[PDB]
Each structure stands twice: as C-alpha cells, then as structure tokens.
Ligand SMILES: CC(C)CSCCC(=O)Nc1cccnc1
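Read the single chain below, which is given as structure tokens and is the form deposited without the named molecule.
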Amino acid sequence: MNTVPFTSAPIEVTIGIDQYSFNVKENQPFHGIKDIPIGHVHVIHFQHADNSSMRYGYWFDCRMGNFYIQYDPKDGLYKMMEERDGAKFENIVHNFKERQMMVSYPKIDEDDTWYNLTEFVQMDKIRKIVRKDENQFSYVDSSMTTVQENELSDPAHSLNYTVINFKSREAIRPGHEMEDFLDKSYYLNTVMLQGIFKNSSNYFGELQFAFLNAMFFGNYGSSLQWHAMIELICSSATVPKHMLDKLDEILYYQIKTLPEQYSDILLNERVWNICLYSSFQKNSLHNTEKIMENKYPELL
C-alpha cells in the first residue's frame, strides 16, 4: 500500500514510476513516492538531466520489503536499498508524508493500464532474468546485454531472457526441417511452453517484462526478445485460442502505451508486417491490428 522514500535528490533527474514521470531539480526537497498500488510489480526509473546516457531503474514489489532510494555520489546514481527495521522505516515515511515532501502515484480510478501491461509479470520471474540474489529488487539499465546478444560480456550484469533462435537445433527436429521452419508450433508448444516456460502465463510474463525494459530503458536486447516472442506465436499454425485472445489484449495495451515519437526505434517493421499480414495468426489479432493501423500506419 506503500511508499518508496528518497534520502534526497542531489542531482537534477527525470524520475519514472511505472508509466508516469516527473522532473526533480538539483537539491529540490523531494523525499519520494507514496500511494503505490499494492498487488503489482513496479519500476522506478531515472534519467539524469546532465547526462541522458545514465538511464536505469529498479523493479520491485512493496509486498516483499521496505525499499528506499539514496543517491551514491561515488557511483553517481540513485540506488535502491532495503530497510530491515520496520519501525525506523514507518517513522521516516510518516515524517516525509506530514511535511508533504512526496509525490503521489497518480492512478486514475478507471485506468487499468498498469495491470494490463504487467498482468503476467511476477517479481520471482524478474529475479531469475536479472540475477542479484542478495537484493529483493532488480536493477536494469539501457546498456545491459542479453545472454543471446553475448553469445553472438560480463555474465553477472546480463538479462537472462530465454534464448529464441529460429535457425537452431532447439527450434528444428532432425527430419522435420521444412515443417518446423515454416510452422513453429513444435518450438512454441513442446520446446518453449511444455519444456521451458511450463505455461502460457510465464511466457507472457517474460514477453511483457521484455517490452517494459525496451520502453522504459531503451534496452535494445529487450526489444529483440519482445519481437522474437511475438513472432514465435504468430509463426505457429497451432496455438491455443485462449493464448491468441490474450496475446491480442497484451499487444493492444503495449501499442497503446508506446510513445508515438519512439515508434521508429521500438517497432520492427519486418516482424509486425509478417505477424499482422503474412503469418498463420494474421487474422487472430483484431484489436492489435486495428490500433497499429490507426496509430502507426507508416510502419505498415
């Protein structure tokens, strides 16, 4: 129900909280974010005013612990920390709330945008993609490479997305080369869903997490992973009806939220044209096709 207090804001910075953002001035008496909705993961993110290359943030869930942000003048960034002393934390939050030095998470009552973008995203799955087991929150930034990108270098600071490679022995059964390359159903249903993800919810959770890291950090590898997971479904002739109907909802809200001015960097022409107009599922994504045709008809 909770609050992420800030020690101070010593450097001018754009702060993101989920899909919202606001500008904080150098040494402005800012002491954090209150009224964060319980029940969802959240991401607090940063872009320094004096250096837009500093673009980074933290995935967290207020149900797992008491988290605060403190600026580190050595490493030159806003760090998330956990406070183990519940009484101290409550006392600090109460002080800042009484002095009205926190911004309020600005959720419109009617507005399901954040739920719609994070429906399948769980903190325990984020912590397996982003490996730093001593913290309950996960650091991501614009420059972090994926395990797949590193294969084609520091393995500790990498995004452990599931590797998808259409021209790999994993994707192609010996003896079923043409079948498996032209119809990715085997790779989707047996290898990925039954084999690695165990269920569609885990698959969608990773797809949604990839999109959010692409959008909020401009993380290029995350963008590749998001498109690969879309293309793997759209390129499969055999997909459960429930998964197609849900993918249509998922993509609709992603396309709805995407900033218009970032469509040229965040959307892959080839994948979207293929998925909407050529693939097995070209007629299965009604809501996605309509929003894409009305918002980004130049890409198509």
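So that there is no doubt, residue numbering starts at 1 and follows the sequence shown.
Although it is not shown, the form solved in complex with the named molecule is what the next lines describe.
Counting ligand atoms within 2.4 Å of backbone or C-beta atoms, the overlay of the named molecule from its pose in the deposited complex onto the shown chain yields zero, and the pocket is open. Although the partner is absent here, residue 240 lies well away from the named molecule in the deposited complex, with no heavy atom inside 4.5 Å. Not displayed here, the named molecule is kept clear of residue 278 by more than 4.5 Å at the level of heavy atoms in the deposited complex. A residue is said to contact a partner when one of its heavy atoms sits within 4.5 Å of a partner heavy atom; residue 103 meets this definition for the named molecule in the deposited complex.
When the named molecule is considered in the deposited complex, residue 39 lies well away from it, no heavy atom lying within 4.5 Å.
Contacts with the named molecule in the deposited complex, taken as any heavy atom within 4.5 Å, map within 14-31 to 22, 23, 24, 28, 29, 30.
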